[PDB]
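What follows is a single structure, written as structure tokens, with notes after it.
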There are 2 protein chains.
Amino acid sequence: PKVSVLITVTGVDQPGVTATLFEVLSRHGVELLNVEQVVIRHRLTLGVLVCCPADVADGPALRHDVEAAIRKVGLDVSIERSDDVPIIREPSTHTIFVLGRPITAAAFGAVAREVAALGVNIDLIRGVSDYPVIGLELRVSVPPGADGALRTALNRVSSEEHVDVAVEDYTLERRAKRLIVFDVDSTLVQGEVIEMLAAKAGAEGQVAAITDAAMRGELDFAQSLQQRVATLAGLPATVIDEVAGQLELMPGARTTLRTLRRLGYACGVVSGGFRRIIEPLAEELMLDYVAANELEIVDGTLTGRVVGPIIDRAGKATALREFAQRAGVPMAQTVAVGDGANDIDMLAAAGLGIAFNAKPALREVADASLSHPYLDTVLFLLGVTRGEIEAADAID
Amino acid sequence: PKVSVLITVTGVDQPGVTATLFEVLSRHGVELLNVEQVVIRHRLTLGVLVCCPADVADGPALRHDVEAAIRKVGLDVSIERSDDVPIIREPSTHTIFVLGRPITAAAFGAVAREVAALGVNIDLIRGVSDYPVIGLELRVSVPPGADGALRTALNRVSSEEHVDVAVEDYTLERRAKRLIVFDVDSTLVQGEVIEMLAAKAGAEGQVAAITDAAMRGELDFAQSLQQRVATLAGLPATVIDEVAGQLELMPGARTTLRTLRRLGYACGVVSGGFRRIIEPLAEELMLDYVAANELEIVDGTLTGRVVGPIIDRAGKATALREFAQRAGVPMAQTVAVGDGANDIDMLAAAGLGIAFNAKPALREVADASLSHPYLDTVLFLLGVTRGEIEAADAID
Ligand SMILES: [Mg+2]
Ligand SMILES: [Mg+2]
């Protein structure tokens with residue numbers, strides 16, 4: 001080891017190639033500086049960087065020994081002086097997730113096009129899921145200052161080509177995500193509980209109308225809440241237990257929460273909804289934190305008011321901050337998932353803010369958006385694969 | 001998309017290949033099922049699995065369009081019906097770390113040999129460090145029930161070929177490690193504080209002798225502690241502050257702790273040593289938990305006793321369990337790092353037990369061993385790379 005040599009093996013993968021190459025190398029005076037190997041669709045690449053004595057690199061003995069052993073079995077091999085060559089590759093700066101059902105070639109092509117345009121190198125591509133959505137990951141190296149430009153390009157691509165596209169910082173700190181919060185209505189839970197309550201008063205129509213306006217950001221949250229809850233005035237509080245029982249989880253929600261617990265996540269919900277409905281479900285799903293509003297009840301009857309203070313847009317963010325503090329988790333390591341303008345400050349406050357089948361106003365400011373009715377696609381954005389999830393679930 | 005096709009591109013890497021391939025594919029009716037791409041030492045492999053109409057896969061139009069575009073620029077491409085082909089690869093079951101200074105080809109060759117013998121498939125190899133030690137990772141798929149056999153083979157290889165070799169479960173749960181404890185003397189800190197104390201009494205020699213015996217497991221811990229501390233009887237308690245100031249961290253310790261905090265680890269020390277020495281240093285290093293013994297002091301003078309109960313071998317384990325409980329971390333997600341037989345139950349109790357420049361008795365039962373005087377090599381065993389550490393440190 002005075003000078004360095006690079007050995008590169010390619011061809012149709014076969015058993016024992018790796019061991020054969022190094023058993024051959026061991027017969028010379030060779031120390032390893034770096035090894036890289038993968039098989040993709042039965043294509044092997046094995047790159048080995050060694051430093052051997054000056055005496056050895058000058059020698060066709062090493063060359064012949066390697067060339068003969070590799071070519072004999074049917075693969076190809078190259079061998080060259082390195083010296084100027086980098087020993088270990090630098091980490092990727094970002095990772096890009098592409099989800100779709102389907103992901104067209106045109107879509108992915110548009111992603112690649114935008115990436116290359118900004119002088120972004122693609123370091124790796126792999127699949128992260130084949131179900132319930134096709135999911136692909138590109139780890140990339142982005143030129144400094146170009147990432148803002150990159151997110152913009154890819155947002156345009158996402159809207160035009162019908163795929164979800166998320167860009168995330170791939171640094172150590174930023175991917176040690178430890179805490180997550182979900183909005184409840186239309187996020188963790190299907191539908192709007194307040195509409196289910198309003199149905200019992202025969203007011204479902206107007207309340208659905210206002211809820212939709214409020215989640216689009218057209219109405220101030222607090223006022224929209226007071227007005228909608230007013231429509232409940234008179235209902236017996238028994239109605240809370242009924243609606244609570246009719247609640248169905250978002251598809252994939254159980255898988256999501258279960259996988260997140262496996263990963264050691266602190267988990268919570270932040271809702272402008274009602275705690276008597278949310279806390280039963282939260283306890284059962286074994287959550288770590290709840291923040292919700294509260295219905296005023298007099299004589300076992302709903303008054304049509306909520307008990308202040310009212311969790312509003314700023315309030316959600318404040319609750320995440322609070323939760324993160326109780327939990328000892330920096331904001332950069334928090335995740336928030338919501339569907340409404342109700343959620344904008346919570347998503348913004350989060351290290352990673354995820355819009356889930358969301359109104360435009362939320363999508364507009366979210367770190368990432370998800371457009372299929374499967375909450376587990378959240379897991380793909382947290383660096384988890386379908387196979388990993390299924391593997392862990394198989395062991396029970 | 002009625003049937004599936006596999007497109008595989010190989011050759012010397014060039015800019016815009018990825019985008020070119022998909023721009024070409026977009027002109028046909030093609031949806032993506034899976035994409036995999038890497039460049040190793042300028043060798044590109046791009047494997048793309050698509051489902052195109054039955055009408056299209058029968059067509060030399062797609063074939064010619066792809067073959068022409070790829071071959072024009074100098075790369076090679078194959079195209080074949082798949083159908084029977086798996087869409088996304090399953091996760092690796094284990095990962096193997098190889099550290100050495102140097103790592104000979106013979107060493108690595110022996111690792112590969114043992115791996116292939118047990119019918120273990122190598123899914124990936126990469127470098128994880130080039131400094132202060134050469135570090136390589138092999139993600140592998142191990143046949144069920146063969147892992148015990150694998151750890152044994154590789155332990156033999158490790159001892160015979162002069163490299164550290166660790167086998168770890170590569171499951172979701174088992175690599176979401178969230179809590180770590182260090183032994184202090186000869187682990188986080190250089191040397192044995194008790195010998196530094198004994199030097200002040202002119203007893204360094206005998207105390208060094210007993211400490212060595214005790215860390216090899218030849219002497220019961222509690223008795224070895226009482227006897228050694230007895231030799232301090234009479235020293236003024238001022239001696240505590242002096243020795244404390246002479247304490248030097250193990251090389252790489254600051255990097256280790258700093259990186260672990262970036263990763264959101266709960267961090268602590270469990271020592272049979274003395275809290276008046278350890279707690280000052282622990283506070284400064286901003287640790288989350290300390291367990292230590294305590295020197296008995298009368299009239300500002302050491303009595304030569306310790307204040308019971310005495311943290312012993314079982315005691316260390318008990319402290320880790322306690323810490324894990326305060327922290328809300330399951331034992332499978334805990335890490336312990338020690339050098340002595342003093343540490344055997346703590347290492348055993350830990351999800352990942354790491355022996356650091358350790359006596360044989362500790363190495364014998366450890367999940368993994370490390371033989372170079374660099375504490376940061378712990379980070380490599382936790383799935384961190386040198387480049388990642390340097391990257392995060394560069395941003396300050
Ligand atoms: Mg909502
Ligand atoms: Mg020790």
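Following the order of the structure tokens, chains are lettered A, B, ..., residues in each are numbered from 1, and ligands are numbered from 1.
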
Handout entry: Nearby polymer residues, ligand 2, at most 9 Å, only C-alpha atoms and all ligand atoms, as a list in words
Key = residues 182, 183, 184, 185, 186, 187, 188, 189, 191, 192, 215, 271, 272, 338, 339, 340, 341, 342, 343 and 358 of chain B

Handout entry: Non-local contacts of residue 371 in chain A (12 Å; only C-alpha atoms; under 6 positions in same chain excluded) as a VMD selection string
Key = chain A and resid 98 to 101 133 158 to 159 162 to 166 187 339 354 to 360 363 377 to 378

Reference chain B, mobile chain A, all Cα atoms fitted, written as a tab-separated table (two decimals) with C-alpha atoms, in the first residue's frame:
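The file below, selection.tsv, is the result:
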```tsv
chain	number	residue	atom	x	y	z
A	1	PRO	CA	-50.60	-2.02	-18.92
A	2	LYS	CA	-51.85	-5.58	-19.30
A	3	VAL	CA	-48.42	-7.29	-19.21
A	4	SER	CA	-44.99	-6.26	-17.93
A	5	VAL	CA	-41.63	-5.44	-19.50
A	6	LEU	CA	-38.15	-5.02	-17.98
A	7	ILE	CA	-35.72	-2.44	-19.39
A	8	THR	CA	-32.12	-2.63	-18.20
A	9	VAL	CA	-29.49	0.00	-19.04
A	10	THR	CA	-25.78	-0.48	-18.25
A	11	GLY	CA	-22.48	1.16	-19.18
A	12	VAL	CA	-20.29	4.17	-18.52
A	13	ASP	CA	-22.38	6.78	-16.65
A	14	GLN	CA	-23.26	9.96	-18.54
A	15	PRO	CA	-25.42	12.99	-17.74
A	16	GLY	CA	-29.10	12.85	-18.71
A	17	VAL	CA	-29.39	9.11	-19.25
A	18	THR	CA	-32.21	8.70	-16.73
A	19	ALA	CA	-34.26	11.57	-18.17
A	20	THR	CA	-33.55	10.40	-21.74
A	21	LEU	CA	-34.79	6.87	-21.05
A	22	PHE	CA	-38.06	8.05	-19.52
A	23	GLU	CA	-38.63	10.80	-22.07
A	24	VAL	CA	-38.37	8.01	-24.67
A	25	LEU	CA	-40.71	5.76	-22.65
A	26	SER	CA	-43.30	8.49	-22.32
A	27	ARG	CA	-43.90	8.32	-26.08
A	28	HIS	CA	-45.36	4.87	-25.50
A	29	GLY	CA	-48.27	3.93	-23.20
A	30	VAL	CA	-46.06	3.12	-20.28
A	31	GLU	CA	-46.67	3.07	-16.54
A	32	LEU	CA	-43.90	2.39	-13.98
A	33	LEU	CA	-43.95	-0.49	-11.55
A	34	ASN	CA	-40.42	-0.06	-10.16
A	35	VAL	CA	-37.19	1.82	-10.85
A	36	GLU	CA	-33.70	1.06	-9.53
A	37	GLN	CA	-30.55	2.98	-10.36
A	38	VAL	CA	-27.03	3.39	-9.04
A	39	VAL	CA	-23.65	4.54	-10.27
A	40	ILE	CA	-20.61	2.77	-8.89
A	41	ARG	CA	-17.17	3.93	-10.02
A	42	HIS	CA	-18.82	5.48	-13.10
A	43	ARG	CA	-20.72	2.30	-13.93
A	44	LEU	CA	-24.43	2.92	-14.33
A	45	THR	CA	-27.13	0.37	-13.81
A	46	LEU	CA	-30.68	1.49	-14.46
A	47	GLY	CA	-33.37	-1.14	-14.14
A	48	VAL	CA	-36.89	-0.12	-15.05
A	49	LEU	CA	-39.96	-2.34	-14.84
A	50	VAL	CA	-42.97	-1.18	-16.74
A	51	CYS	CA	-46.40	-2.40	-17.67
A	52	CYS	CA	-47.38	-1.37	-21.15
A	53	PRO	CA	-50.37	-2.53	-23.15
A	54	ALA	CA	-50.27	-6.04	-24.62
A	55	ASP	CA	-50.39	-4.06	-27.85
A	56	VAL	CA	-47.13	-2.30	-26.95
A	57	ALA	CA	-44.97	-5.16	-25.57
A	58	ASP	CA	-45.62	-6.97	-28.86
A	59	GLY	CA	-44.20	-3.90	-30.59
A	60	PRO	CA	-40.64	-3.38	-31.85
A	61	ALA	CA	-41.54	0.31	-31.78
A	62	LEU	CA	-40.85	0.56	-28.01
A	63	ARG	CA	-37.84	-1.72	-28.36
A	64	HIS	CA	-36.38	0.19	-31.29
A	65	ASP	CA	-37.07	3.56	-29.72
A	66	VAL	CA	-35.28	2.54	-26.49
A	67	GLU	CA	-32.45	0.58	-28.14
A	68	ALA	CA	-31.72	3.41	-30.55
A	69	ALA	CA	-31.71	6.18	-27.92
A	70	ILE	CA	-29.51	4.29	-25.49
A	71	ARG	CA	-27.07	2.73	-27.93
A	72	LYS	CA	-26.67	6.07	-29.75
A	73	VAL	CA	-25.12	7.67	-26.67
A	74	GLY	CA	-22.83	4.72	-25.96
A	75	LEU	CA	-24.56	2.69	-23.24
A	76	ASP	CA	-26.08	-0.79	-23.52
A	77	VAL	CA	-29.70	-1.78	-23.00
A	78	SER	CA	-31.69	-4.98	-22.75
A	79	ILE	CA	-35.50	-5.34	-22.98
A	80	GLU	CA	-37.55	-8.40	-22.01
A	81	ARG	CA	-40.99	-9.61	-21.00
A	82	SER	CA	-41.20	-10.02	-17.25
A	83	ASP	CA	-44.57	-11.17	-15.87
A	84	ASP	CA	-43.00	-13.71	-13.49
A	85	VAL	CA	-40.67	-11.01	-12.18
A	86	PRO	CA	-40.87	-9.52	-8.62
A	87	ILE	CA	-41.84	-5.85	-8.56
A	88	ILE	CA	-39.99	-4.58	-5.53
A	89	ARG	CA	-37.16	-6.32	-3.66
A	90	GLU	CA	-37.66	-7.52	-0.09
A	91	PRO	CA	-35.70	-5.89	2.74
A	92	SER	CA	-32.37	-7.31	3.92
A	93	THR	CA	-32.61	-9.33	7.16
A	94	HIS	CA	-29.26	-8.34	8.64
A	95	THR	CA	-26.43	-5.98	8.18
A	96	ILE	CA	-22.77	-6.79	8.79
A	97	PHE	CA	-20.17	-4.18	9.71
A	98	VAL	CA	-16.47	-4.71	9.03
A	99	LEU	CA	-14.00	-2.28	10.56
A	100	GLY	CA	-10.24	-2.48	10.44
A	101	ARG	CA	-6.98	-0.63	10.16
A	102	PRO	CA	-6.25	-2.07	7.77
A	103	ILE	CA	-8.93	-4.28	6.31
A	104	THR	CA	-6.93	-6.80	4.27
A	105	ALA	CA	-8.46	-8.46	1.24
A	106	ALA	CA	-7.92	-11.77	3.06
A	107	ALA	CA	-9.99	-10.50	5.98
A	108	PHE	CA	-12.87	-9.35	3.81
A	109	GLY	CA	-12.51	-12.50	1.74
A	110	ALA	CA	-12.89	-14.59	4.87
A	111	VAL	CA	-16.07	-12.65	5.72
A	112	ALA	CA	-17.51	-13.28	2.25
A	113	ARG	CA	-16.48	-16.94	2.39
A	114	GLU	CA	-18.30	-17.50	5.69
A	115	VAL	CA	-21.34	-15.61	4.46
A	116	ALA	CA	-21.69	-17.62	1.24
A	117	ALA	CA	-21.12	-20.89	3.11
A	118	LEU	CA	-24.29	-20.34	5.14
A	119	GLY	CA	-26.30	-19.54	2.04
A	120	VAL	CA	-26.44	-15.88	3.03
A	121	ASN	CA	-27.08	-13.56	0.06
A	122	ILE	CA	-25.19	-10.29	-0.07
A	123	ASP	CA	-27.77	-7.64	-1.01
A	124	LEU	CA	-25.45	-4.63	-0.85
A	125	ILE	CA	-21.98	-3.52	0.06
A	126	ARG	CA	-20.85	0.00	0.71
A	127	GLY	CA	-18.21	1.93	2.59
A	128	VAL	CA	-19.25	3.65	5.82
A	129	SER	CA	-15.91	5.20	6.68
A	130	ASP	CA	-12.37	5.91	5.52
A	131	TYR	CA	-11.30	7.42	8.85
A	132	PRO	CA	-10.27	6.88	11.64
A	133	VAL	CA	-10.77	3.30	10.54
A	134	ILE	CA	-11.75	1.71	7.22
A	135	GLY	CA	-15.39	0.72	7.53
A	136	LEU	CA	-17.50	-1.44	5.25
A	137	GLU	CA	-21.11	-2.52	5.45
A	138	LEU	CA	-22.76	-5.59	3.97
A	139	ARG	CA	-26.54	-5.72	4.05
A	140	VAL	CA	-27.45	-9.37	3.77
A	141	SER	CA	-30.35	-11.76	3.60
A	142	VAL	CA	-29.90	-14.63	6.02
A	143	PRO	CA	-31.75	-17.97	5.82
A	144	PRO	CA	-33.97	-18.47	8.89
A	145	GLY	CA	-32.18	-20.04	11.87
A	146	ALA	CA	-28.76	-19.54	10.32
A	147	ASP	CA	-27.95	-16.23	12.00
A	148	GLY	CA	-26.53	-17.80	15.18
A	149	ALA	CA	-24.26	-19.88	12.97
A	150	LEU	CA	-23.39	-16.66	11.11
A	151	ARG	CA	-22.38	-14.68	14.18
A	152	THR	CA	-20.17	-17.57	15.24
A	153	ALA	CA	-18.41	-17.89	11.88
A	154	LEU	CA	-17.76	-14.17	11.80
A	155	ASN	CA	-16.45	-14.06	15.36
A	156	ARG	CA	-13.85	-16.64	14.40
A	157	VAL	CA	-13.04	-14.54	11.29
A	158	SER	CA	-12.80	-11.38	13.37
A	159	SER	CA	-10.29	-12.91	15.79
A	160	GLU	CA	-8.18	-14.62	13.10
A	161	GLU	CA	-8.06	-11.82	10.52
A	162	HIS	CA	-7.68	-8.77	12.83
A	163	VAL	CA	-10.90	-6.90	12.05
A	164	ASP	CA	-14.00	-5.97	14.01
A	165	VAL	CA	-17.09	-7.78	12.65
A	166	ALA	CA	-20.64	-7.07	13.87
A	167	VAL	CA	-23.87	-8.74	12.75
A	168	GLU	CA	-27.11	-6.77	13.41
A	169	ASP	CA	-30.82	-7.44	12.82
A	170	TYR	CA	-31.87	-5.06	10.04
A	171	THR	CA	-35.57	-4.91	10.96
A	172	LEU	CA	-37.52	-1.65	11.45
A	173	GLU	CA	-37.86	-1.98	15.21
A	174	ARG	CA	-34.31	-3.16	15.87
A	175	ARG	CA	-32.66	-0.25	14.06
A	176	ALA	CA	-34.79	2.47	15.63
A	177	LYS	CA	-32.23	2.64	18.51
A	178	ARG	CA	-33.20	5.57	20.80
A	179	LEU	CA	-31.15	5.23	24.03
A	180	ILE	CA	-27.48	4.67	24.85
A	181	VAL	CA	-25.35	4.27	27.98
A	182	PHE	CA	-21.60	4.33	28.35
A	183	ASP	CA	-19.41	2.87	31.00
A	184	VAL	CA	-17.01	5.63	32.04
A	185	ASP	CA	-13.56	4.24	32.89
A	186	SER	CA	-11.63	2.98	29.81
A	187	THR	CA	-14.77	3.53	27.72
A	188	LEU	CA	-15.98	7.15	27.63
A	189	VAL	CA	-12.97	8.26	29.61
A	190	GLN	CA	-9.32	7.31	29.22
A	191	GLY	CA	-7.89	5.21	32.02
A	192	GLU	CA	-9.18	4.22	35.44
A	193	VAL	CA	-10.12	7.10	37.75
A	194	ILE	CA	-9.66	4.85	40.77
A	195	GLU	CA	-6.01	4.38	39.77
A	196	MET	CA	-5.63	8.14	39.51
A	197	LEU	CA	-7.07	8.42	43.04
A	198	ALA	CA	-4.84	5.60	44.31
A	199	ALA	CA	-1.75	7.31	42.88
A	200	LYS	CA	-2.31	10.19	45.31
A	201	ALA	CA	-2.09	7.71	48.19
A	202	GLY	CA	0.93	6.00	46.67
A	203	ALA	CA	-1.15	2.88	46.13
A	204	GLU	CA	-1.50	3.07	42.34
A	205	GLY	CA	0.28	-0.24	41.76
A	206	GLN	CA	-1.87	-2.57	43.87
A	207	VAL	CA	-5.10	-0.79	42.82
A	208	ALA	CA	-4.22	-1.03	39.12
A	209	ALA	CA	-3.58	-4.74	39.76
A	210	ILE	CA	-6.96	-5.36	41.37
A	211	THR	CA	-8.86	-3.18	38.89
A	212	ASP	CA	-7.40	-5.26	36.05
A	213	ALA	CA	-8.37	-8.50	37.78
A	214	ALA	CA	-11.88	-7.16	38.44
A	215	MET	CA	-12.44	-6.03	34.86
A	216	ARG	CA	-11.36	-9.46	33.60
A	217	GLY	CA	-14.00	-11.01	35.84
A	218	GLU	CA	-11.50	-12.73	38.13
A	219	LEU	CA	-12.71	-10.80	41.19
A	220	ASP	CA	-16.26	-10.17	42.40
A	221	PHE	CA	-17.00	-6.52	41.67
A	222	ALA	CA	-18.25	-5.33	45.06
A	223	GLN	CA	-15.28	-6.76	47.00
A	224	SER	CA	-12.79	-5.44	44.47
A	225	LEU	CA	-14.40	-2.03	44.89
A	226	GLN	CA	-14.31	-2.02	48.69
A	227	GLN	CA	-10.69	-3.18	48.76
A	228	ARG	CA	-9.50	-0.61	46.23
A	229	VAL	CA	-11.43	2.26	47.79
A	230	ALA	CA	-10.03	1.24	51.22
A	231	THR	CA	-6.60	2.28	49.88
A	232	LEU	CA	-7.92	5.82	49.65
A	233	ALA	CA	-8.64	5.99	53.42
A	234	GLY	CA	-7.13	9.21	54.67
A	235	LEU	CA	-6.84	11.21	51.45
A	236	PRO	CA	-8.37	14.69	51.66
A	237	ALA	CA	-11.59	14.98	49.62
A	238	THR	CA	-9.82	17.74	47.66
A	239	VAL	CA	-8.31	14.84	45.72
A	240	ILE	CA	-11.63	14.35	43.95
A	241	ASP	CA	-11.50	17.73	42.23
A	242	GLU	CA	-7.87	17.25	41.22
A	243	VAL	CA	-8.32	13.84	39.57
A	244	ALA	CA	-11.54	15.12	37.98
A	245	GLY	CA	-9.60	17.88	36.24
A	246	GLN	CA	-6.97	15.46	34.93
A	247	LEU	CA	-9.66	13.41	33.16
A	248	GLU	CA	-9.28	13.07	29.39
A	249	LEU	CA	-12.09	11.92	27.09
A	250	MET	CA	-11.62	8.86	24.85
A	251	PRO	CA	-10.66	9.98	21.31
A	252	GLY	CA	-13.80	10.63	19.29
A	253	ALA	CA	-16.01	10.85	22.36
A	254	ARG	CA	-17.16	14.40	21.71
A	255	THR	CA	-17.97	13.54	18.10
A	256	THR	CA	-19.85	10.47	19.36
A	257	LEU	CA	-22.03	12.25	21.88
A	258	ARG	CA	-22.63	15.18	19.55
A	259	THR	CA	-23.76	12.92	16.69
A	260	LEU	CA	-25.98	10.90	19.05
A	261	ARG	CA	-27.72	14.09	20.19
A	262	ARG	CA	-28.27	15.06	16.54
A	263	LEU	CA	-29.96	11.66	16.19
A	264	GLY	CA	-32.25	12.33	19.19
A	265	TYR	CA	-30.69	9.72	21.46
A	266	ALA	CA	-31.26	9.72	25.19
A	267	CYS	CA	-27.71	9.52	26.60
A	268	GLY	CA	-26.34	8.36	29.96
A	269	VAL	CA	-23.49	6.87	31.96
A	270	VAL	CA	-23.54	3.89	34.28
A	271	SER	CA	-20.43	3.49	36.36
A	272	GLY	CA	-19.24	1.71	39.51
A	273	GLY	CA	-17.09	4.78	39.97
A	274	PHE	CA	-17.76	7.94	41.90
A	275	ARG	CA	-20.50	10.45	41.30
A	276	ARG	CA	-18.61	13.52	42.48
A	277	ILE	CA	-16.20	12.98	39.59
A	278	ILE	CA	-18.70	11.80	36.98
A	279	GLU	CA	-21.52	14.29	37.50
A	280	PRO	CA	-19.41	17.37	36.84
A	281	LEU	CA	-18.30	15.86	33.51
A	282	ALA	CA	-21.78	14.53	32.77
A	283	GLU	CA	-23.39	17.94	33.24
A	284	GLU	CA	-20.85	19.54	30.95
A	285	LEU	CA	-21.34	16.87	28.27
A	286	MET	CA	-25.06	17.48	28.74
A	287	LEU	CA	-26.01	13.87	29.53
A	288	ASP	CA	-29.53	12.73	30.42
A	289	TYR	CA	-28.76	10.17	33.13
A	290	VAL	CA	-26.02	9.23	35.59
A	291	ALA	CA	-25.73	6.27	37.90
A	292	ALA	CA	-22.59	5.97	39.95
A	293	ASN	CA	-21.38	4.88	43.37
A	294	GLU	CA	-20.47	7.38	46.06
A	295	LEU	CA	-17.36	7.89	48.19
A	296	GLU	CA	-17.91	8.18	51.94
A	297	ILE	CA	-16.41	11.41	53.26
A	298	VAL	CA	-15.93	12.29	56.93
A	299	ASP	CA	-14.60	15.67	58.06
A	300	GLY	CA	-13.53	16.41	54.49
A	301	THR	CA	-11.50	13.21	54.40
A	302	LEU	CA	-12.11	9.97	52.52
A	303	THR	CA	-13.01	7.09	54.81
A	304	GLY	CA	-12.01	4.39	52.36
A	305	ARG	CA	-15.57	3.17	52.10
A	306	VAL	CA	-18.37	3.66	49.59
A	307	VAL	CA	-21.94	4.55	50.58
A	308	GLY	CA	-24.20	1.57	49.84
A	309	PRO	CA	-25.89	0.20	47.87
A	310	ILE	CA	-23.04	-0.60	45.48
A	311	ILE	CA	-23.61	-0.50	41.72
A	312	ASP	CA	-22.33	-3.95	40.74
A	313	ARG	CA	-22.61	-6.09	37.61
A	314	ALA	CA	-26.33	-6.69	38.16
A	315	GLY	CA	-26.59	-3.05	39.23
A	316	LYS	CA	-25.43	-1.63	35.91
A	317	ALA	CA	-28.11	-3.62	34.10
A	318	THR	CA	-30.67	-2.45	36.63
A	319	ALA	CA	-29.69	1.18	35.98
A	320	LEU	CA	-30.06	0.80	32.20
A	321	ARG	CA	-33.50	-0.73	32.72
A	322	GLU	CA	-34.37	2.17	35.01
A	323	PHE	CA	-33.10	4.79	32.55
A	324	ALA	CA	-34.97	3.12	29.69
A	325	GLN	CA	-38.14	3.25	31.78
A	326	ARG	CA	-37.77	6.93	32.71
A	327	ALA	CA	-37.16	7.57	29.02
A	328	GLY	CA	-39.99	5.45	27.60
A	329	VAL	CA	-37.61	3.30	25.57
A	330	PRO	CA	-38.02	-0.48	25.13
A	331	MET	CA	-34.92	-2.55	25.87
A	332	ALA	CA	-34.63	-3.69	22.26
A	333	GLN	CA	-34.03	-0.07	21.34
A	334	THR	CA	-31.28	0.54	23.91
A	335	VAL	CA	-27.52	0.50	23.41
A	336	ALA	CA	-24.81	-0.15	26.03
A	337	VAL	CA	-21.08	0.34	25.57
A	338	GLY	CA	-18.52	-0.95	28.05
A	339	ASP	CA	-15.01	-2.38	28.39
A	340	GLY	CA	-15.16	-4.66	31.44
A	341	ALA	CA	-16.77	-7.71	33.05
A	342	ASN	CA	-18.26	-5.04	35.28
A	343	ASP	CA	-20.48	-4.45	32.23
A	344	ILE	CA	-21.58	-7.94	31.23
A	345	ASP	CA	-25.16	-7.77	32.47
A	346	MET	CA	-25.60	-4.25	31.17
A	347	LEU	CA	-24.48	-5.28	27.68
A	348	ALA	CA	-26.66	-8.41	27.84
A	349	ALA	CA	-29.70	-6.40	28.94
A	350	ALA	CA	-29.22	-3.93	26.09
A	351	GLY	CA	-30.82	-4.36	22.70
A	352	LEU	CA	-27.36	-3.74	21.27
A	353	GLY	CA	-24.43	-4.46	23.61
A	354	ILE	CA	-21.11	-3.06	22.42
A	355	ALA	CA	-17.72	-4.10	23.85
A	356	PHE	CA	-15.14	-1.32	23.47
A	357	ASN	CA	-11.44	-2.27	23.72
A	358	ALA	CA	-12.73	-4.84	26.14
A	359	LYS	CA	-11.52	-7.69	28.31
A	360	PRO	CA	-12.14	-11.18	26.80
A	361	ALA	CA	-14.98	-11.94	29.21
A	362	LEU	CA	-16.94	-8.96	27.88
A	363	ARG	CA	-16.11	-9.64	24.25
A	364	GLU	CA	-17.33	-13.19	24.82
A	365	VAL	CA	-20.94	-12.14	25.47
A	366	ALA	CA	-21.16	-8.82	23.61
A	367	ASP	CA	-23.39	-8.35	20.58
A	368	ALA	CA	-20.38	-6.62	18.99
A	369	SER	CA	-16.76	-5.71	19.74
A	370	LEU	CA	-14.56	-2.77	18.74
A	371	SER	CA	-10.78	-2.92	18.92
A	372	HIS	CA	-9.47	0.54	18.00
A	373	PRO	CA	-9.12	3.40	20.53
A	374	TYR	CA	-11.73	5.53	18.74
A	375	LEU	CA	-15.09	5.80	20.49
A	376	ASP	CA	-16.75	7.24	17.34
A	377	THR	CA	-16.53	3.79	15.72
A	378	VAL	CA	-19.60	3.18	17.87
A	379	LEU	CA	-21.45	5.47	15.45
A	380	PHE	CA	-20.64	3.18	12.49
A	381	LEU	CA	-22.35	0.33	14.35
A	382	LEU	CA	-25.44	2.53	14.72
A	383	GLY	CA	-25.80	2.92	10.99
A	384	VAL	CA	-24.02	6.27	10.62
A	385	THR	CA	-21.32	7.07	8.02
A	386	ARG	CA	-18.21	9.22	8.33
A	387	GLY	CA	-19.43	11.42	5.51
A	388	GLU	CA	-22.78	11.95	7.24
A	389	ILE	CA	-21.02	12.93	10.46
A	390	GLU	CA	-18.69	15.34	8.70
A	391	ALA	CA	-21.58	16.77	6.68
A	392	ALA	CA	-23.61	17.57	9.77
A	393	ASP	CA	-20.51	18.96	11.52
A	394	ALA	CA	-19.74	21.20	8.53
A	395	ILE	CA	-23.07	23.01	8.89
A	396	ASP	CA	-22.11	23.59	12.56
```

Practice task
Output as JSON, numbers by chain all residues of range 80-171 of chain B that backbone DSSP marks as strand (DSSP E or B).
Solution key: {"B": [80, 81, 94, 95, 96, 97, 98, 99, 100, 103, 104, 121, 122, 123, 124, 125, 126, 127, 128, 129, 134, 135, 136, 137, 138, 139, 140, 141, 164, 165, 166, 167, 168, 169]}

Practice task
Select from range 327-392 of chain A everything DSSP, run on the backbone, classes as alpha helix (DSSP H), then give the selection as a ChimeraX atom specification.
Solution key: /A:327,344-349,360-363,377-381,386-392
